Structures are given as structure tokens and as C-alpha cells.
Ligand SMILES: CC(=O)O[C@H]1C(=O)[C@@]2(C)[C@H]([C@H](OC(=O)c3ccccc3)[C@]3(O)C[C@H](OC(=O)[C@H](O)[C@@H](NC(=O)c4ccccc4)c4ccccc4)C(C)=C1C3(C)C)[C@]1(OC(C)=O)CO[C@@H]1C[C@@H]2O
Ligand SMILES: Nc1nc2c(ncn2[C@@H]2O[C@H](COP(=O)(O)OP(=O)(O)OP(=O)(O)O)[C@@H](O)[C@H]2O)c(=O)[nH]1
Ligand SMILES: Nc1ncnc2c1ncn2[C@@H]1O[C@H](COP(=O)(O)OP(=O)(O)NP(=O)(O)O)[C@@H](O)[C@H]1O
Ligand SMILES: Nc1nc2c(ncn2[C@@H]2O[C@H](COP(=O)(O)OP(=O)(O)O)[C@@H](O)[C@H]2O)c(=O)[nH]1
Ligand SMILES: [Mg+2]
């Protein structure tokens with residue numbers, strides 16, 4: 002069925018190094034629109050983009066138009082959990098380059114006053130499950146964590162040698178990975194501990210940009226099984242749902258990292274996978290909107306799932322009756338301009354919509370025009386009544 | 001010492017260079033092996049003109065040219081051909097594969113490890129020079145090497161040398177005929193570099209040259225040799241002003257000063273008037289008025305665009321041979337009275353004129369007749385926008401579905417770059433539409449204070 | 001220096017390879033003993049594309065011959081050019097696959113793949129700059145399909161950034177020589193679609209049609225079919241070995257032809273083709289070659305292009321000819337037959353020109369089409385496949401070699417997906433909602 006996507010773009014208020022320097026902001030947000038200005042070419046114009054959600058987390062102690070963490074969670078996570086508990090699949094992609102702030106939005110700090118998406122998701126999941134454990138109901142939750150590196154799948158939790166797992170297609174259950182360990186969990190603490198254990202196993206390498214840059218996509222999948230004993234023997238599994246928490250490696254230019262050999266191969270494969278994911282997401286949203294409004298069934302079109310392993314494994318979550326939302330982090334310095342604009346260009350995908358320019362009033366010209374109009378109106382009123 | 005350094009990139013560049021260097025060797029009396037018997041027979045002279053050739057102690061003349069390519073084939077054809085002993089053995093040809101009609105392959109992946117050698121040899125050639133005037137870069141839009149590697153080379157040259165002029169001769173893709181399915185991507189990608197880093201770009205179209213060959217020279221089945229020879233004649237006409245004496249000499253800086261109103265409008269068209277066969281050279285006078293009129297005929301343009309759909313912003317006429325100023329003045333006056341040729345109101349003067357005494361030479365085995373007079377016209381106009389707009393449409397028709405894109409991303413690009421280039425192109429097109437507009441009626445709206 | 005490694009597996013692959021090494025060793029003047037006795041100086045300029053040099057001014061090809069049955073190897077050694085090959089490259093075993101894909105892939109071929117990869121690695125490490133690989137094999141067979149797909153997978157694992165061509169002879173509707181052709185073809189296409197940059201589609205019925213109707217041979221044999229195949233394989237790579245006005249490497253063909261990664265199945269063709277006595281009645285010009293190239297009766301894949309739309313086409317001309325004629329002819333072919341060319345590609349005709357033609361001709365041309373009509377081929381196999389899989393006609397011969405029934409389902413689903421994209425680009429508009 003329909004799988005309408007959402008696009009949210011966040012900003013990350015300055016860090017200690019950027020506070021120490023005299024760097025300036027370049028990103029401004031208003032309504033559903035974001036705008037960025039080239040520091041090296043301040044004379045031409047700003048570039049403007051528009052999304053479903055623009056989150057201005059730049060001023061932490063701000064009271065007006067501050068993108069609070071609970072606001073983001075209410076926007077995406079609560080809706081996706083509610084969709085999951087109805088018996089459907091949901092997915093969350095995390096996109097962004099180094100220094101953007103992806104990890105904060107995905108995980109957040111451990112002070113628990115400003116949490117990220119994932120701990121809130123897990124806590125609400127377990128709270129709901131423990132809430133509705135009546136005599137007839139039973140719930141099971143298990144977790145898997147894998148990575149995709151150069152179009153090869155690897156297991157992050159299993160301590161075996163990092164060999165390439167084989168991808169199969171069960172006729173009814175769709176694509177899957179052989180020998181991928183599936184572990185049951187009983188609280189969000191176990192989920193986060195397993196996340197730490199697997200994150201220690203990621204393939205991270207040093208580039209010309211940062212000493213620790215992700216080189217491989219990662220997927221944390223939560224399988225949620227519901228079993229209800231209606232009056233007889235109906236414990237037979239009513240529904241099984243999937244929560245996908247996917248961490249994308251960011252795109253890159255060979256100019257930024259001119260290293261040859263492994264780095265070029267990794268960059269090329271990452272860019273190919275990201276382009277295919279953009280294409281499949283855009284194709285999925287269009288037919289969506291189309292039907293939702295045209296209710297027609299223009300055959301089933303053809304969504305290119307097979308042009309990459311990443312989209313192939315996520316076929317069940319991306320398509321069908323599902324929900325989707327990609328969150329993008331945009332650093333705030335004037336030095337990372339070449340980063341930030343590119344991120345917006347990737348966020349412009351998934352139902353690229355008209356942005357409109359951000360023209361506003363010039364104070365002097367505004368006052369002159371308004372005063373001239375007022376003079377004209379008052380003069381017309383005087384002349385109409387014979388008082389001029 | 002009005003010295004120029006020529007750079008030839010890609011197959012089209014190397015072949016045009018073969019034609020150009022044949023013409024230069026024949027103009028100056030240089031043999032294919034580098035010796036000049038004219039000085040030996042006479043006893044000495046200035047015939048070793050330093051614009052193109054550098055003289056060693058032994059009397060050999062080595063050209064000031066740099067050939068670059070990623071295929072060994074095109075330049076191995078030169079290393080074992082007629083002119084094998086003319087060029088310096090160092091020819092800068094990467095013993096690897098080619099850019100494969102891929103901008104990314106020639107700019108990011110394989111353009112490295114050959115760029116350093118190229119700039120080192122260019123530095124060596126520039127150190128030998130006194131009073132270097134500029135660079136002449138020959139390449140082709142739509143190719144992998146000729147687009148990407150030319151982009152990288154131009155960027156590095158603009159970083160290093162800075163103030164020296166960099167003129168560019170390039171083969172724009174034609175409207176209808178093409179030799180590759182991915183021409184528009186490469187052309188739209190390299191426009192973003194040729195706009196910023198060049199000083200004046202001359203564009204030529206193969207459909208136009210085929211039409212000229214069919215109609216004028218009566219050649220039913222031309223090959224690339226004829227087109228390269230015509231382009232060689234044009235470049236020789238451009239550069240003649242700093243090799244031979246004349247009544248009015250026009251250097252390479254006067255070019256840019258007179259033909260480029262604003263920095264982003266440096267895309268003039270080029271035409272050559274007395275393109276005629278030997279048989280039809282008779283039954284014709286070939287006076288100054290005839291050739292000047294023929295320069296303005298739309299059929300003779302070398303890019304498939306109609307000047308009648310735009311406005312002329314600048315013209316530069318370079319005459320060769322038995323030409324005198326009064327006929328040039330009469331021809332310009334006659335052209336100024338025609339209503340089909342429109343000039344922008346903000347350029348009352350319009351014309352630059354240069355005259356050179358040396359008549360054009362005939363290449364044995366060629367197809368152009370021997371003539372006493374010739375003119376090369378260069379016209380900065382607004383019709384060129386049409387030639388871009390078509391290409392833009394083609395680009396859109398492929399980028400809506402992201403066809404052929406994964407080849408580019410696999411070689412070190414990202415998707416957004418494409419969009420960026422396209423946006424730049426629109427801006428450039430918009431600029432043309434803003435400069436051809438007539439000045440607002442009584443530009444200071446209106447006026448008329450007391451007395 | 002661009003250099004390509006040649007691999008040939010199975011009976012069909014070995015026969016086509018032997019004929020190919022005679023056509024390429026008669027254009028580059030090579031004595032069957034291995035010495036050079038040519039005339040032109042350009043024959044030796046690029047000899048290293050296919051040949052290694054041996055001490056006595058001899059030349060040995062890079063061919064690697066594979067087979068699970070020794071007999072075919074003997075037929076190659078006891079032949080006109082048997083002594084040209086290196087003895088160490090005759091990698092083979094015994095107890096052939098017996099037209100079982102499972103034996104070729106899992107049981108028997110797994111034992112010999114290590115030796116074949118050793119030879120391939122030795123041959124590739126000596127190359128100055130490896131351009132890619134070629135493989136000649138048959139999909140409807142045993143050792144051919146299975147061993148070829150296994151070797152392709154291993155090589156792509158080891159050499160990811162190199163071209164992998166493939167000249168495959170697939171099953172045909174009426175001329176069928178094995179009863180289990182559908183299973184082998186399906187499981188081979190499941191592997192080729194993932195791990196290959198270019199695949200060329202050949203089938204014996206199209207070649208027989210060419211022999212009967214164009215060449216007018218009364219009693220064609222396999223030699224003539226291999227002759228036509230060898231002609232097209234030589235035509236594809238002409239620009240690596242000779243100069244020209246406008247070159248076209250293999251990578252240029254790959255870039256210009258395939259729009260998306262999974263659509264790399266091509267229809268090859270050759271021109272001119274005349275029947276002896278008719279030779280004096282036909283003038284050889286570029287229009288004649290263009291007319292014969294695009295004729296549906298000349299294709300080598302038995303897929304009518306008029307039932308679909310050309311995503312792309314490539315034309316490699318050989319001979320001294322005018323570029324204006326080539327450009328105008330390709331433009332005219334595009335403009336007149338506007339219904340048979342896709343609309344979202346502005347110009348879908350690659351053109352390349354090489355100066356030196358074949359030995360006994362003045363001009364020649366090779367045609368590589370990429371069209372949606374190829375879907376029909378796969379669809380046919382799929383039909384036969386299901387017609388045998390619903391009842392498990394011969395399935396125990398495959399599951400007895402360590403296979404499972406799910407793999408057949410994966411292969412069938414992958415072929416059906418592949419047919420989808422083609423069927424899609426095949427229509428001639430999409431307006432209604
Ligand atoms: C008197 C004359 O014109 O001889 C021609 C000839 O008559 C024709 C009929 C040839 C002849 O081809 C055939 O009769 C034939 C039969 C079965 C299968 C394939 C071909 C010819 O055999 C083919 C042969 O081709 C060559 O010589 C090329 O070098 C060719 N090499 C081989 O065929 C070859 C085969 C085995 C051993 C050594 C060389 C070649 C073609 C393409 C690419 C590379 C090489 C040529 C010109 C001719 C004959 C001899 C009659 C034709 O074939 C080709 C491929 O050119 C048939 O269509 C052309 C038209 C030619 O006119
Ligand atoms: N006028 C003219 N145009 C040419 C000539 N040779 C090639 N071209 C044009 O160049 C375009 C193709 O780009 P190329 O110059 O071949 O690019 P390249 O130098 O081969 O670089 P690679 O693609 O990496 O091999 C074609 O569309 C031709 O029309 C020539 O000799 N004269
Ligand atoms: N809304 C916010 N409020 C406060 N701090 C924030 C906010 N969003 C992001 N941050 C900061 O962003 C940082 C998280 O990104 P950080 O880990 O520094 O970069 P990164 O590791 O390059 N991002 P990633 O892609 O996950 O690797 C932390 O310092 C957070 O404090
Ligand atoms: N062109 C050609 N095709 C052949 C030849 N021999 C067999 N074939 C085809 O290949 C199929 C048989 O496959 P086979 O060669 O036995 O595969 P192998 O057992 O792996 O070598 C048949 O359907 C034939 O159409 C040949 O000599 N030439
Ligand atoms: Mg080339």
C-alpha cells in the first residue's frame with residue numbers, strides 16, 4: 002500500500018571548537034524553508050530549500066521557535082510507533098556528513114533531559130508493551146544489527162571473522178541474510194548496549210576530512226511480534242512489524258579526499274548506493290501522492306529495488322503499507338559550506354517541492370512605500386469629500 | 001617576442017593541432033624535420049618567428065606546443081608520422097585507459113598522475129619565453145578527456161599564471177548529429193569551468209562546417225581533415241597580427257578589450273569569408289566588399305545559429321593581403337545601413353579593424369583556392385543563447401530519469417554537482433537575455449527641468 | 001597499453017575460440033607455428049592486446065581453455081592452430097558435468113576453479129594495464145554455463161574495476177538440443193545479470209537464418225556460425241588494435257550503451273554479408289552498410305527489434321570513409337524510424353570509425369543494439385521453466401548435487417524482474433493516469 006515519506010532537516014548549534022573560533026552562521030530557517038548564503042560570494046543571492054520540517058535547534062536557551070527534542074520525537078517517532086503497533090513496517094534513515102550532528106539526533110546525550118529519537122522510541126515501545134499485557138496478550142521483541150560495505154553484508158554483533166554473508170530471497174518473506182544473528186531483548190538498556198557493541202565493530206577509516214568517518218551503511222532492525230489469545234486458542238501470531246533504524250554514510254567528493262585505492266572504492270560505492278536510495282525514495286513518494294489523490298492503480302509502476310543490496314534488503318520496509326522519514330543534520334559553520342549545501346541537495350530529493358524565494362521588505366523602502374500609500378489614501382479621502 | 005603556447009587536449013585537439021602545425025610550418029618555410037633551408041640559402045633572417053617556434057643552436061626549430069591525451073593511439077600516430085622529428089619527444093600521453101566519455105573519469109580519477117607532468121612541461125616552455133602573451137587551448141565538448149582534463153588544466157593554470165590571457169577553441173555539440181549518447185552531460189559539466197577560468201571561448205559546430213564544405217567548396221563527402229584545415233586557417237588569421245607586418249596590427253589583448261563587454265559574455269562566433277573552390281575562384285572578383293558581406297551571411301556561420309534572431313554586441317574584422325583601409329571603411333559603412341543586421345544601442349561604434357599584409361597560404365592537397373584577399377570576422381552576439389538552449393533541453397530529458405548517472409558517481413562525483421552546473425548555465429543564459437534588451441525608453445525615464 | 005584476457009569454457013566456447021584465434025591471427029599476420037609473416041607495419045604495433053611475446057620472436061595468445069571433459073581439448077590440439085596455444089593453459093578434468101548445471105557450479109567445477117584461477121591470475125599479473133576479460137560459453141549446457149558463471153563471480157570478486165564481456169549462446173525456440181535447457185538458461189541468467197558489464201546475445205536460429213537467407217549456404221555447419229560470431233568479436237575490439245578518425249574503447253561502448261546497471265544484454269550484427277555470385281551486383285557504400293545493419297533479418301539473437309524500442313545502438317565502422325555520410329545516415333535512421341527509438345534519450349546512436357578494414361574487404365561495420373525486444377527471449381525461457389518446475393520434471397538430478405528448491409525460485413524471480421524494466425521502456429508513451 003502507500004508509503005508516503007517525510008523530510009526533516011535539523012541544524013546543530015555550534016561546538017566548542019567553533020565557539021572558540023570567530024566562525025559565522027550561514028543557515029537561516031523560517032517556516033518550512035531553509036536558506037544558506039555563500040561566505041565567499043555574499044553578493045549574488047542565497048540558496049533556498051523547502052522540506053516537510055525544518056528544525057532550528059541553533060539557540061539552546063531560546064524560548065521562541067526552538068526545535069525541542071520532544072517536538073521532533075512527537076513529529077516522527079510517536080507516529081511511526083503507532084503505525085508499527087497497527088501491524089505495518091516503518092523506517093528511519095539518518096543522513097549527514099562529519100560534524101553535522103547525526104549522532105545527537107539519532108541517539109542524543111545520556112543526561113536524559115534532551116534525548117535523541119532512538120531511546121525515546123525504545124522506551125515508548127517497552128512502556129506500551131508492559132502497559133497492555135493483559136491475560137490474553139503477549140509480545141516479543143528481537144534485534145539485529147548489520148552493515149553493508151562495498152556491496153557486501155557483514156554482521157556487527159557476531160564476533161566471527163568479518164566475512165561476507167549471502168543474501169537470499171525467501172518466496173513469501175522476501176529478501177533476507179543467511180546466518181544473521183537475531184537476539185531477543187527485554188529493555189532499552191539491552192538495545193543500547195548491543196548498539197554500543199556493534200558500533201565498536203563498524204568499519205571506520207581516517208580521511209582528509211576526519212580521523213573517524215563511517216565507510217559502511219548500518220541497519221538496526223527491531224522485529225516486533227504480537228500474539229493475542231482470543232477466547233479459544235488464537236495465540237497464532239496476529240501481526241509482525243519491523244522498525245528499521247538505518248545509518249547512512251555521507252556522500253563525498255574526490256576533491257575532499259584524493260586518496261587512492263580503498264578510499265576511492267568506498268566513496269564510489271557509497272555514492273552509488275545513495276543515488277539508488279534517492280531514486281527509489283523519489284519513485285515511492287510520487288506514486289504514493291498520485292494514488293492517495295488519483296486512487297487509480299497505474300499498474301504497479303516498477304520501483305528499482307534490485308540496483309543495490311541496501312534497497313534490496315529494505316524492500317519490505319520501504320514499499321508496501323509503510324511509513325518513512327529521513328532526518329538530515331546541517332552543521333552551522335561558514336567553513337563547511339561545501340558540506341551543508343550538498344546535504345540540502347540530497348534532502349531536496351524525496352518529493353522535491355517548490356521553495357519560493359525569501360524576498361522581504363527593505364526598511365527604508367518599506368517605510369517610504371507605506372507612507373506614500375497612506376498619503377495617497379488620505380488625499381483621495383479628502384478630495385472625495387470636497388475637502389481638498 | 002610575442003610568444004604563444006598552444007595546448008592540444010584529446011583526439012579533436014590533437015588532430016586540429018596536426019592541421020595547425022602543418023599550416024604554420026608551411027607559412028614560415030620550415031620543413032617537416034625542423035630545418036629551414038631559407039635562412040641557409042639567404043644567410044639569415046627573422047623567418048624563425050618566435051610566436052610558435054623556438055630556435056636551437058644547430059638551426060632546428062622546435063614548436064611551442066603541448067599535446068595531451070589518455071589514449072596512446074592518437075599521438076602514436078604522430079610519433080611515427082611525417083612530423084615525427086619536429087616535436088620534442090615528450091608528448092604527455094598516459095599509458096592507461098581513456099576517460100570513456102566521462103567527465104568524472106577525466107577530472108577526478110585518471111586526470112591525476114598526468115596533470116603534474118603536463119604543468120611541469122608547461123612551466124619549462126613558459127620559462128624559455130620572453131613576453132609571453134597567452135595560451136591557446138584546443139579541446140572538444142562532449143568528450144571525457146577534452147572536457148574533464150581541460151577543466152582541471154584550466155583551473156591549475158588560472159591558479160599558477162593568473163594574468164596571462166587564455167583563449168579557447170572548442171567544438172560545441174551539434175543540434176542534430178552526434179557521436180555519443182552522453183554529450184550533454186559533459187558539455188553542461190564543463191561549461192561551469194569554461195565560464196570562470198577562460199578569457200574568450202570560440203565555438204565551432206561540425207554541422208555548420210559540413211554545410212559550408214558542401215555548398216562552397218563543392219565537397220560531397222568531407223572528412224575531419226577539411227574541418228581541421230578550416231579551423232587552422234581561422235587560428236592563423238587570428239594570430240597573424242603578431243607574426244607579420246601590417247597597416248593596423250591587433251594583438252591578443254585588443255581582442256579581449258574590444259570583443260568582451262562584461263566578464264561573463266566572452267563567447268564570440270567566428271567566420272571566414274573567402275571559402276571557395278579553385279574552379280569557382282574564377283568568375284568572381286573577391287573584393288573587400290564581397291568578403292565583408294559574406295562574413296555576415298547567416299549561411300556562412302560556423303555555429304548553427306541565426307544572427308538575425310539576436311543582436312550584435314561587438315565585431316572584429318581581421319583582413320589579410322592586398323587590402324587598403326578605404327575599402328574596409330566603405331564596407332563597414334555599407335553594412336551599418338542594412339536593417340537585417342542590428343546592433344545593441346549601447347555600442348554605437350561596433351567595429352574593430354585590423355589589416356595584415358601577408359596573404360593566406362595554400363596547403364598542397366587542400367581544397368581552398370589561392371586568393372589575394374581574406375577576412376576573418378569575430379562577432380560577439382546574443383544568438384549564441386539559442387545554441388545553448390537546445391542542449392539544456394537535451395540535458396533535462398536525460399536527468400529527469402537519472403540515465404547514465406551511475407557511471408559518473410562511480411568515478412568520484414555526487415549527484416548535486418549536475419544540478420549546480422545546470423543552474424549556472426541558466427544564469428549565463430539569463431545574462432544574455434538581459435544585455436540584448438534595449439535601454440529603457442529615455443534611460444533616465446524622462447526629464448526636462450526649468451531652463 | 002590496453003590488454004584483454006580471453007577465457008573459453010565448454011564445447012561451444014572452445015570451438016568459437018579456436019575459430020576466433022584463426023580470424024585474429026590472419027589480421028595480425030601470425031603463422032600457425034607462431035611466427036610473424038605479415039606485410040603492413042601496423043599489424044605489430046598493438047599485438048600485445050591479445051598476444052604475449054616468446055623468445056624466438058614468437059607470439060602466444062592469452063587464451064585460457066577450460067572443460068570438464070578432455071576430448072574437446074584434443075580436437076583443439078589436433079587442428080590448424082592447435083600448436084599456437086600454451087600447453088599450461090589447457091586446464092581440464094574428467095567426468096564432465098553431463099549437462100547438469102549443479103555439477104558445473106557446485107560439485108565438479110569447484111575442484112577445478114582453483115587451477116583455472118591460478119592460470120588466470122598468472123596471465124593477468126604479467127599484463128601492463130589490464131582492460132578486461134572475455135568469456136565464450138553456452139547457457140544451455142553443463143560445464144559451460146556453470147563453470148563460466150562461477151569463474152565470472154570469482155573474477156569480479158578479485159578484479160572489480162575491470163570490464164567483463166561475455167559472448168553467450170542461449171537456447172532457441174525450435175532448435176533445441178537438450179531437454180533441460182530451461183533450467184540451465186535460467187540459473188545462468190540469474191548469475192550473468194548481476195556480475196557482468198556487457199553480455200552479447202547469440203542463438204543458433206538467427207545464425208542459421210543468416211546462413212540460409214543472406215549467405216545462401218545450402219548445407220551450413222557449425223564452422224560458419226562460429227565464423228560469423230568470430231567476425232563480430234573481432235569487430236567489437238577493433239579500436240584497441242588499430243588507429244582511426246574516432247576511436248571507441250570497450251569502456252566507451254559500456255558507458256554509452258547501458259543506461260542502467262542491469263540492462264546490458266545486446267543484439268550483435270555484422271555487415272556486409274553477400275552470397276558469392278551476388279557480390280558483383282551490390283555497390284559497397286556507407287548507405288548500404290547502414291541499410292544492412294538495421295535490417296531485422298541480420299540480427300544474431302532472433303529478437304525482432306520492431307516489437308520493441310532501441311534504448312541504444314552502437315556502430316563501429318572499419319575503412320576509409322567520410323564522417324559526413326556516417327553522421328547523416330545515423331541521423332536519418334533515427335528520424336525515419338522514430339517509433340522504434342526511445343524518446344527520453346535525445347540521440348541514441350554511438351558511432352566509431354577505424355581506418356584499416358578487414359583483409360579482403362574495403363569497408364565493414366559492426367552493430368551492437370540494446371533494445372527492449374530482448375525481453376521476449378527471457379520470457380520464452382521463463383515459460384518453459386515454469387512448465388517444468390510446476391511438476392519437478394528433472395529436479396532430483398539437481399537437488400542430488402547439494403542444491404535446494406529455493407534457488408530456482410530466486411532465479412525465476414530475478415529473470416521476471418529483469419523482464420519488467422524492458423516491458424516498461426517498451427511502450428510508446430505514458431500520459432493517462
Ligand atoms: C573475393 C572476395 O571478395 O572474397 C570475399 C567474399 O567473397 C565475401 C563473400 C566474404 C566471404 O565470406 C564467406 O563466404 C563466409 C561464409 C560463412 C561465414 C562467414 C563468411 C569470405 O569467405 C570471407 C573473406 O573475409 C576475409 O578475408 C576477412 O579477412 C575475414 N576473415 C576471414 O573470413 C577468415 C576466416 C578464416 C581464416 C582466416 C580469415 C574477416 C571478416 C571480418 C572480420 C575479420 C576478418 C572475404 C573478404 C571473402 C571470402 C574469402 C570469400 C563475406 O564474408 C565476410 C565475413 O566478409 C560474405 O560476406 C562477405 C562478402 C565478401 O565479398
Ligand atoms: N572538427 C573536428 N571534430 C572532432 C574531431 N575529432 C573528434 N571530434 C569531435 O569530438 C567529439 C568527441 O570527443 P573527443 O574529442 O573524441 O574526446 P576524446 O579526445 O576522444 O577524449 P576521450 O573521450 O576520453 O577519448 C565528437 O563528437 C567529434 O565530433 C576532429 O578531428 N575534427
Ligand atoms: N539540537 C541540538 N541541541 C544541542 N546539541 C546538538 C543538537 N543537535 C546536535 N547537537 C550537537 O551535535 C553533536 C553531535 O554530532 P557529532 O557527534 O559532534 O558529529 P558527527 O559525529 O560528525 N555526526 P555523525 O554523522 O553522527 O558522525 C553533539 O555535540 C551535540 O551536542
Ligand atoms: N555455435 C555453436 N554452438 C554449439 C556448438 N556445439 C554445441 N552448441 C550449442 O550448445 C548447446 C550444447 O551445449 P554444450 O556445448 O554441450 O555445453 P558444454 O557441455 O558445457 O560444452 C546446444 O544447444 C548447441 O546449440 C558449436 O560447435 N557451435
Ligand atoms: Mg579519445
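Protein chains in written order, with PDB author numbering: chain N, 2 to 389; chain E, 1 to 451; chain I, 1 to 433.
Beta carbons are placed, not taken as given, at the ideal position from N, Cα and C, and that holds for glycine.
Would you check if the distance between the CB atom of residue i and the CB atom of residue j is smaller than 8 Å?
i: residue 193(N); j: residue 292(N); result: no
i: residue 6(N); j: residue 326(N); result: yes
i: residue 289(I); j: residue 271(I); result: yes
i: residue 184(N); j: residue 144(N); result: yes
i: residue 189(E); j: residue 108(E); result: no
i: residue 86(E); j: residue 363(E); result: no
i: residue 318(N); j: residue 92(N); result: yes
i: residue 101(I); j: residue 192(I); result: no
Looking at the structure shown, is residue i part of a helix, part of a strand, or coil, going by DSSP?
i: residue 438(I); result: Here chain I covers residues 1 to 433 and nothing more, so residue 438(I) does not appear.
i: residue 455(E); result: This structure does not reach residue 455(E), given that chain E is present from 1 up to 451, and the question cannot be answered.
i: residue 70(I); result: coil
i: residue 53(I); result: strand
i: residue 181(N); result: coil
i: residue 440(I); result: Any question about residue 440(I) goes unanswered here, given that chain I covers just 1 to 433.
i: residue 132(I); result: strand
i: residue 156(N); result: strand
i: residue 99(E); result: coil
i: residue 78(I); result: coil
i: residue 265(I); result: strand
From residue i to residue j, what does the alpha carbon distance come to, in whole angstroms?
i: residue 226(N); j: residue 398(E); result: 45 Å
i: residue 106(I); j: residue 398(I); result: 10 Å
i: residue 371(I); j: residue 317(I); result: 20 Å
i: residue 279(I); j: residue 385(I); result: 44 Å
i: residue 70(I); j: residue 333(I); result: 49 Å
i: residue 128(E); j: residue 61(E); result: 14 Å
i: residue 305(E); j: residue 38(N); result: 37 Å
i: residue 240(I); j: residue 396(E); result: 33 Å
i: residue 250(I); j: residue 115(I); result: 28 Å
i: residue 57(I); j: residue 35(I); result: 7 Å
i: residue 179(E); j: residue 389(E); result: 20 Å
For this session: Note down, one range per segment and in chain order, each alpha helix (DSSP H) of at least 4 residues found wholly within the region 330–404 of chain I.
Result: Those alpha helix (DSSP H) runs which fall completely within the region 330–404 of chain I and span 4+ residues are 374–389 and 396–399.
Exercise. Listed by chain order, which residues have C-beta atoms less than 5 Å from any heavy atom of ligand 4?
Worked result: 10(I), 11(I), 12(I), 15(I), 138(I), 140(I), 141(I), 142(I), 143(I), 144(I), 177(I), 204(I), 222(I) and 225(I)
For this session: Only counting runs of 3 or more residues, tell me where the beta strand (DSSP E) segments fall wholly within the region 50–94 of chain E, in order along the chain.
Result: 53–55, 61–63 and 65–68
Problem set entry | Check your reading: residues with Cβ closer than 5 Å to ligand 3 heavy atoms | 13(N), 58(N), 97(N), 99(N), 100(N), 102(N), 103(N), 104(N) and 105(N)
For this session: Go through the region 168–236 of chain I residue by residue and report every complete run of the beta strand (DSSP E) that reaches 3 residues or more, in order.
Result: 199–202
Exercise. Could you give the uninterrupted runs of the beta strand (DSSP E) lying entirely in the region 67–143 of chain N, keeping only those of 3 residues or more?
Worked result: 90–96
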